[PDB]
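K.L.:
Let's see this in three dimensions:
(chains A and B)
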Amino acid sequence: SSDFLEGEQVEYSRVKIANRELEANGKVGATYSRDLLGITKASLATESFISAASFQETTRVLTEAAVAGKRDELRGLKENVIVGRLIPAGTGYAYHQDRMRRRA
DNA sequence: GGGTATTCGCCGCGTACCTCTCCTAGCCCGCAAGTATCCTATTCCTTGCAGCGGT
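P.N.:
Numbers count the residues shown, from 1 in each chain, chains lettered A, B, ... in the order given. The structure is reproduced below:
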């Protein structure tokens, strides 16, 4: 009863939360099979494309993201360094917690 | 077509600092400088025409 196409490779967190919340209703969840990728391939296949771009081979990831029209939302420890704001890691965690709890 | 092997081409290979050197090639057109040449004088000689005393 989910929406994912048959052969999609989807982030584990998205599918886990979608199934977990759907079962609260009368829907049947999706079935997934975990996959292992070497780090060099794992860091590139990330939701936040600035993290990938700062890593190796910017050209490929950047063109692919541009075509797909992605939209990065600045949650890692690296893109927040690039933009120049507090990290959501150490003392800045309280600030980011309040920031989330205010806008939302 | 189809499963397979083989080849081609792209991607990647540590951080921080110190000293030194060198950074387009070739054409072209105005232009400064330096020079050989050409016109400018002086002195000698032998003509050609206009005044001019003289009768």
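
K.L.:
Tell me the secondary structure of residue A:65, please.
P.N.:
In the three-state summary, residue A:65 is assigned as helix, counting by DSSP: H, G, I helix; E, B strand; the rest coil.

K.L.:
Make sure it is actually in contact with residue A:50.
P.N.:
No. Between residue A:65 and residue A:50 there is no contact under C-beta atoms under 8 Å: 9.3 Å. (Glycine included, C-beta is placed from N, CA and C.)

K.L.:
Those two - which one has more neighbours?
P.N.:
For residue A:65 and residue A:50, the more surrounded residue by other C-beta atoms under 10 Å is residue A:50, and the numbers stand at 20 against 16.

K.L.:
what's the nearest residue to that one if we skip its chain neighbours?
P.N.:
With C-beta to C-beta, 6 or more residues apart in numbering as the criterion, residue A:50 has its nearest non-adjacent residue at 4.3 Å, and that residue is residue A:79.

K.L.:
List the contacts of that neighbour.
P.N.:
Under the criterion of C-beta atoms under 8 Å, 6 or more residues apart in numbering, the contact partners of residue A:79 comprise A:48, A:50, A:51, A:54, A:72.

K.L.:
which residue lies farthest from the center of chain A?
P.N.:
Distance from the C-alpha centroid of chain A peaks at residue A:26, with 27.5 Å (C-alpha atoms, centre = their mean).

K.L.:
Quick check: the gap between that residue and residue A:4.
P.N.:
As defined by C-beta to C-beta, to the nearest Å, residue A:26 lies at a distance of 19 Å from residue A:4.

K.L.:
likewise residue A:46?
P.N.:
Between residue A:46 and residue A:4 the distance is 19 Å, computed by C-beta to C-beta.

K.L.:
how deep is residue A:49 tucked in, by neighbour count?
P.N.:
19.
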